[PDB]
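The chain below stands alone and is given as structure tokens, in the form deposited in one PDB entry.
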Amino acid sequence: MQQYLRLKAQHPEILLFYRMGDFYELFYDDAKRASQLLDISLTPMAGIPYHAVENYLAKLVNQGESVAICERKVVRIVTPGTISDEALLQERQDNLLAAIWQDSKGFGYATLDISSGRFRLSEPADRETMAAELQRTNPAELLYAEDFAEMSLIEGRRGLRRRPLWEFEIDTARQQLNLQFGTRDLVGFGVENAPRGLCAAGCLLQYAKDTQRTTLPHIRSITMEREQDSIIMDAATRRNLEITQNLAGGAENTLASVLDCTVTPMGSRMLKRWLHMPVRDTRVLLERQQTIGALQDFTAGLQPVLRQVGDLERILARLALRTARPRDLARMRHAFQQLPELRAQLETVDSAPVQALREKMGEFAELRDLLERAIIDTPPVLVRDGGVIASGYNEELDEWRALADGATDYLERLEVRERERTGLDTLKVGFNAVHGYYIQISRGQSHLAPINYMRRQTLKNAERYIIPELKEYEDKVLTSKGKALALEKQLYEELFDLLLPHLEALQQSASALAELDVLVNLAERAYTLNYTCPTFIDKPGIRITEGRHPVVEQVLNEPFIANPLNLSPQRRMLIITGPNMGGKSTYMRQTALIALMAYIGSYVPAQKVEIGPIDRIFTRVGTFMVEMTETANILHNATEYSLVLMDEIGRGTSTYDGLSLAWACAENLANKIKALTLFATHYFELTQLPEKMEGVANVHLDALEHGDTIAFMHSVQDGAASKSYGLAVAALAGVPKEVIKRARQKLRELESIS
């Protein structure tokens, strides 16, 4: 046990699994942390069983831990961002490697999805935009230059990896990026004039390659994510809208929960991506809109077939890495068989892009016929033990099998020859690695074992023998079965050689199939959930009719209530007064969301939506300090094409400081920024604003008082709120009648003064 320490040197910053029998023990500083992650005991030992390493691996890997197995030297290493095995990955969630680094000018960024090969790079200018990306992409592993200054950005992130500065040298990166894609220059990818980003990308690429020690011919390109291309959404806005992850960490009662009725895992992952990346370019959208409406009818017929395609993206990765297993080629073939049925259905769909996805989807006939002949219906998990290549694929194999089988058949009749020529009904042939083939007599019966029988193993209640004949046909079995196992593997490896030259076209199929899933889904959702198609206008504005919060309406078993909205440049800002109770917050969020969805190509929960160009979405809807910091970022960055949602700011400090801060903020967003604003507030004094400045208007929520409770409504109406309900609720909440009456007195006296 002294050979562990000297070989920990090899990899210091990584957990070292070490083999001791049927477990993988861990020592020293590494056991404390490994028991503190996986729920096991520390003795400084700690270890796991062999037929479950791949869970106590997938689970350290989930928490940003690279791992290193040790069998004698380090044989396997995994890292959070570089895995591609279906056991280690979560079915419907991206898993990225990222690299980040820092010039004096600003930041360079690069994400890799090792499975899809989806390789993106960006170049955030300021602090908070680098922060917004770290949020959105959620790298499972973060490479960062040692010299990286602003660590408060990535300080507590899981699976951080400090790397030398020289891995972010521009010309080493350029070469290696160009060698990877097979080009002279990266101009065809739109990135040659973007050196910061390319550094991030060169370092990342460098490292991926290392973790794999193979080519990665699925990584054939790179794209850059320009700022002006997307509607920008700060981390806080992403979180408040609950796009994929609800505020409480989970994933239900979220926008994706409602909108994500895709059937392939690769399509779930793509939908979620789109949802986090609304694009400002109406082109791509207007085209998405029209695709989505075309497949309205063809939904029922398409999805159940599309479901059979499966996760063809991730399978295509294990083909590239050459790790793909029997069941993976089997799932690849099953998908090819779907392609013709799908092609038949998209034939009629009159939409130039739907027809493009059918072209891009491919058919792949050779390959479908190839694996139809070369694999059985349902092979076993691994090639390891043969029985995967179908009978009739290759004369030679079949011959070697028929040989083995005729030795099995002999040995069965030998079981019946000896049973007859002994009169002993517990006789039987068996197989075992210890002894090879063997006859076996029960213990009570074993003394009548014929004199030619040679004994070999005394068991508790039986005895085992061998004879020249028996051993001679073992020879026959072992020979055949073994030669034919070696053939299956060679035959199976050749299936890789024939499949790989079409890797390019296949990636394109999975991707076309992936988009087809998403759009077919968005089409079904649009139809089922009574969404309408939003139209786009030139000036900034949001005109909604009977619109809704897409999640709240699916979740609550009370009726939703639909509200209008009418923001234009002549009506930029609504001062929303009245009680809150979620109602005001909902009216706002359904706005952010209806816009988000519009600007993703989806249909929207409303009788009608007109909408202008939006560049950022801000949603302070959630210390006083946080509130003000968030409010600061909004005032510093809103343009007049921003959508800005603000929730009773002022609460938390003094009547007058807050009244004043809120007044000063509304003035600023309405006269200076001129951004389209919903300004929830409680200050009644703010309702004078419409008189004191153009382009502000008053709207409100109200409540009905019946019986023994109070109906907090959901319905926005013109003008200011002429009532308050805090005392109303104090009453229903059990506060002594006399106290309430004293508060009511205090109320009429404080208000009267204003």
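We number the residues from 1 along the sequence you see. Note that the rigid core is defined as the largest set of C-alphas that superpose within 1.5 Å between two forms.
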query	finding
Unmodelled residue 691 in at least one third of other entries with both flanks present	no
At least a third of other PDB entries omit residue 623	yes
Between neighbours residue 72 and residue 71, residues that the deposited sequence lists but the model omits	10 or more
Interval residue 622-residue 623, deposited residues with no coordinates in the entry (none, 1 to 3, 4 to 9, 10 or more)	10 or more
Between 657 to 665 and 624 to 632 (mean CA B-factor, as deposited), the higher	624 to 632
Of 521 to 529 and 673 to 681, the stretch whose C-alpha atoms average the higher B-factor in the entry	521 to 529
Out of 275, 487, 83, 320, residue topping the C-alpha B-factor column of the entry	487
Which of 466, 179, 574, 402 ranks first by CA B-factor in the deposited coordinates	402
Relative C-alpha B-factor of residue 140, binned into the chain's lowest, middle or highest third	middle
Within-chain third of residue 553 by Cα B-factor, per the entry	lowest
Within-chain third of residue 9 by Cα B-factor, per the entry	highest
Among modelled residues of the same chain, the CA temperature factor third for residue 55	middle
Relative C-alpha B-factor of residue 314, binned into the chain's lowest, middle or highest third	lowest
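Keep in mind that the form deposited in another entry is not shown, yet the notes after this line are about it.
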{"query": "Residue among 307, 327, 322, 476 whose Cα moves 2 Å or more between this form and the one not shown, once the rigid core is superposed", "finding": "476"}
{"query": "CA of residue 31, rigid core aligned, shift of 2 Å or more between this form and the one not shown", "finding": "yes"}
{"query": "Large Cα shift (2 Å or above) at residue 167 between this form and the one not shown, core-fitted", "finding": "yes"}
{"query": "Displaced residue check between this form and the one not shown: residue 346, CA, 2 Å or over, core reference", "finding": "no"}
